Amino acid sequence: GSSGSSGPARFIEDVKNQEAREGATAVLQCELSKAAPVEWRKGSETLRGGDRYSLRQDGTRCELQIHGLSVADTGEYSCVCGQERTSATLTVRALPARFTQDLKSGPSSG
């Protein structure tokens, strides 16, 4: 809430930590002050929309999906936008190991 002009596009809404299991598709949804180009990078590696990473920006909103979540993927992504840059933490938990747990609800309604 401040009338004026800064110049470049700033991340008005930084990405929020992500948490999903293997096989899923973790994606970070953020927002920019104004339509501007960005660049997602994991630590010291620059990623570019291809087959696994499905980058989709609807103007000021950015979205970086990850097809095939692997425990390894787990790390810290950072989206560099002009001058500003947002980062988050993606926690990938191994797939749920099958386990039979004998159980049968009771006459209780709730």
# chains A, B, ... in the order shown; residues from 1 in each chain; ligands from 1
>>> select_by_dssp(residues="segment 40-100 of chain A", states="strand (DSSP E or B)", output="list in words")
residues 40, 41, 42, 46, 53, 54, 55, 61, 62, 63, 64, 65, 66, 75, 77, 78, 79, 80, 81, 84, 85, 86, 87, 90, 91, 92 and 93 of chain A
>>> atom_distance(atom1="atom CA of residue 76 of chain A", atom2="atom CA of residue 21 of chain A")
16.1 Å
>>> closest_residue(among="A:37, A:82, A:75, A:96", to="residue 61 of chain A", atoms="only C-alpha atoms")
A:37
>>> residues_around(residues="residue 69 of chain A", least_positions_apart="6", cutoff="8 Å", atoms="only C-alpha atoms", output="number ranges by chain")
A: 21-26, 92
>>> residues_around(residues="residue 86 of chain A", least_positions_apart="6", cutoff="6 Å", atoms="only C-alpha atoms", output="ChimeraX atom specification")
/A:14,78-79
>>> write_last_selection(atoms="N, CA and C atoms", output="PDB file, in the first residue's frame")
ATOM      1  N   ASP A  14       5.889 -14.650  -2.249  1.00  0.00           N
ATOM      2  CA  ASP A  14       6.914 -15.684  -2.329  1.00  0.00           C
ATOM      3  C   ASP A  14       6.291 -17.074  -2.246  1.00  0.00           C
ATOM      4  N   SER A  78      14.781 -21.957  -6.067  1.00  0.00           N
ATOM      5  CA  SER A  78      14.808 -20.500  -6.012  1.00  0.00           C
ATOM      6  C   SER A  78      14.470 -19.899  -7.372  1.00  0.00           C
ATOM      7  N   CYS A  79      13.416 -19.091  -7.409  1.00  0.00           N
ATOM      8  CA  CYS A  79      12.985 -18.451  -8.648  1.00  0.00           C
ATOM      9  C   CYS A  79      13.484 -17.012  -8.719  1.00  0.00           C
TER      10      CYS A  79
END
>>> closest_residue(among="A:60, A:101, A:89, A:44", to="residue 13 of chain A", atoms="only C-alpha atoms")
A:60
>>> closest_residue(among="A:45, A:102, A:58, A:51", to="residue 80 of chain A", atoms="only C-alpha atoms")
A:45
